[PDB]
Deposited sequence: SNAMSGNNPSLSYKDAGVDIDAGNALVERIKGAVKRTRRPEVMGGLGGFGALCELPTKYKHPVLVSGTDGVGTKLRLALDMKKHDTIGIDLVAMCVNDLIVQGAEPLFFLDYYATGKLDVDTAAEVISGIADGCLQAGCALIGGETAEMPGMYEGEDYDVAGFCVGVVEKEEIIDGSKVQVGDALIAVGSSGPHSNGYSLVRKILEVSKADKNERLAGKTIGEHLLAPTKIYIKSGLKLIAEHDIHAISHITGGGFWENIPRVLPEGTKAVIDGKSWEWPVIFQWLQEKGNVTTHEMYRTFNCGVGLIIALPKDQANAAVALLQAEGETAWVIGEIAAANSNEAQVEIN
């Protein structure tokens, strides 16, 4: 009965996401692939969900869920194809679940994948109050010969940054600690939006721009900047014996990160190892294609810029250097 109200309630959102490969959860492979390989992953949104629960605002958290999954697929060159979610809760609140699922559908549309199935589970005793937990699962497709595996990254490659929408879905344990110690007023305005708005802003989805970029340029590696922040994730594009030399003149941290550091008495050292600091993706490619790639990304709605280059590194040194 509750799950019946919900099923009817979301069928619109689900149908919105349908792509022609979907049959009748059945899905054909897109016809363009000659040697398709499936690329899959699962993710949750983490402590960001705790903030959404604190704020009782559930309409965008599904976008973060889809984003986490799909932005990890694009790093290998995969085109998202379909998506499923598992939603667990103590007592099913149909409005809440419908809001979450609708935001999942919003994300799926921006990622170009169909929401084809899912599960809503009641686990009384496991979740307190109005809490729920949601897991996402995505399957994408890549042409076998075109997998981006990082083998092509060279010393001398340029590094492009693609701008983030805010903290995305990482660092939210520190966010919540900052908010609780400072007893922060989430209604405070900063640059025309409330602090709560800035912090719940959904993760940017990089599929439309990413797929176009990969099609038009020689992309050597991509890193999706997630747990461990800017500092930990940049090295995923680096061969052994190299470093990312970051041009510190090339961007300013988005103001929400500056606010978090000030409000929270946080070191820059910790900030860089927790938050994306404005960088959602970093891309390695030849220097002579970097400006064209940047223009393409911008044309597809991203913020993008040349943030650095890959240099030879000695045995001792840090793999990320800001200068």
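**Message:** Numbered from 1 along the deposited sequence, what ranges are absent from the coordinates?
**Reply:** In sequence order, the gaps with no modelled C-alpha are 1 to 20, 45 to 50.
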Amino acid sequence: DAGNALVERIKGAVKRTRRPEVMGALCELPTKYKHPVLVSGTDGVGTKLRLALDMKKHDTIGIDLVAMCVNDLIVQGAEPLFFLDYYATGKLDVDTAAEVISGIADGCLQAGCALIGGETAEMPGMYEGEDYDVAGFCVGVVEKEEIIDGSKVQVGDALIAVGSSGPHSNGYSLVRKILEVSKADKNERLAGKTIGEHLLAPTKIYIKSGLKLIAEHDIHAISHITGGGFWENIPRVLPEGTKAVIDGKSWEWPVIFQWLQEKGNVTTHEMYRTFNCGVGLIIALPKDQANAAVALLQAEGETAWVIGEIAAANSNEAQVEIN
From here on, numbers count along this sequence of modelled residues.
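**Prompt:** So which stretch wins on mean C-alpha B-factor, 166 to 174 or 91 to 99?
**Reply:** Comparing 166 to 174 with 91 to 99, the higher mean C-alpha B-factor belongs to 91 to 99.
**Request:** Could you check the entry and say whether 305 to 313 or 9 to 17 has the higher mean CA B-factor?
**Result:** It is 9 to 17 that shows the higher mean C-alpha B-factor.
**Out of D106, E79, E128, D247, residue topping the C-alpha B-factor column of the entry** = Most elevated C-alpha B-factor of the set, per the entry: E128.
**Request:** Specify which of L238, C113, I160, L200 carries the largest Cα B factor in the deposited PDB entry.
**Result:** Max CA B-factor in the entry, restricted to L238, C113, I160, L200: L238.
**Prompt:** So where's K56 on the chain's Cα temperature factor ranking, which third?
**Reply:** Tercile = highest for this residue's CA B-factor.
**Prompt:** Lowest, middle or highest third: where is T274 by Cα B-factor in its chain?
**Reply:** It falls in the bottom third of the chain.
**Message:** Based on the deposited C-alpha B factors for this chain, I'd like to know if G228 is in the lowest, middle or highest third.
**Reply:** As the PDB entry reports it, the C-alpha B-factor of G228 lands in the middle third of its chain.
**Prompt:** Split the chain's modelled residues into thirds by Cα B-factor; is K204 in the lowest, middle or highest one?
**Reply:** Ranked within chain, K204 CA B lands in the lowest tercile.
**Asked** Within this chain, which third does the Cα B-factor at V70 fall in: lowest, middle or highest?
**Response** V70: CA B-factor falls in the lowest third of its chain.
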